[PDB]
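Asks:
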Ligand SMILES: [Fe+2]
């Protein structure tokens, strides 16, 4: 019944969550993660592959890619899937200089669950 709204935990599990760690004087650090509130698997069969961060300062006609983080290890070795002991967590910190406030957009990818997007505001206060 569409009278009753709800929330999908699977979306929460995949969405890239943006947290501004500092922004004083245009020295900015932004953390992006997937599966913060609700852990996302990291196995050889199922994992988050990367996160990319975009920033568009106000007054700027075009957006700029700030950077991209690949998460390369997911437990595979010559001994089989999930045996290597090495798993890269889908968390990244982007450090950058900025002269103005503006909009952040993050993108991420799961190898079986498609492409994902998230947004937040950067206030240089
Ligand atoms: Fe997934």
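Residue numbers (the authors' numbering): 1 to 125.
From the three backbone atoms N, C-alpha and C, an ideal C-beta is built for every residue, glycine too.
1. Applying the 10 Å Cβ sphere with the 16-neighbour rule, what's the burial state of residue 130?
2. Any chance the CB of residue 16 is under 8 angstroms from a heavy atom of ligand 1?
3. Keeping to the same chain, check which residues put their C-beta closer than 6 angstroms to that of residue 91; ignore five residues upstream and five downstream.
4. Just jot down, in chain order, the residues whose CB lies closer than 5 angstroms to any heavy atom of ligand 1.
5. Determine which residues share a DSSP beta bridge with residue 56 and list them.
6. Just to confirm before moving on: does the CB-CB distance between residue 104 and residue 30 stay below 9 angstroms?
7. Closest by CA to residue 47, which one among 118, 110, 119 and 115?
8. Taking only three categories from DSSP, how would you classify residue 13?
9. Give the straight-line distance between the Cα atoms of residue 108 and residue 89, rounded to the nearest whole angstrom.
Replies: In brief:
1. Only positions 1 to 125 of the chain appear in the structure, and residue 130 is not among them; the question remains open.
2. no
3. 33
4. 110 and 113
5. 103
6. yes
7. 110
8. coil
9. 13 angstroms
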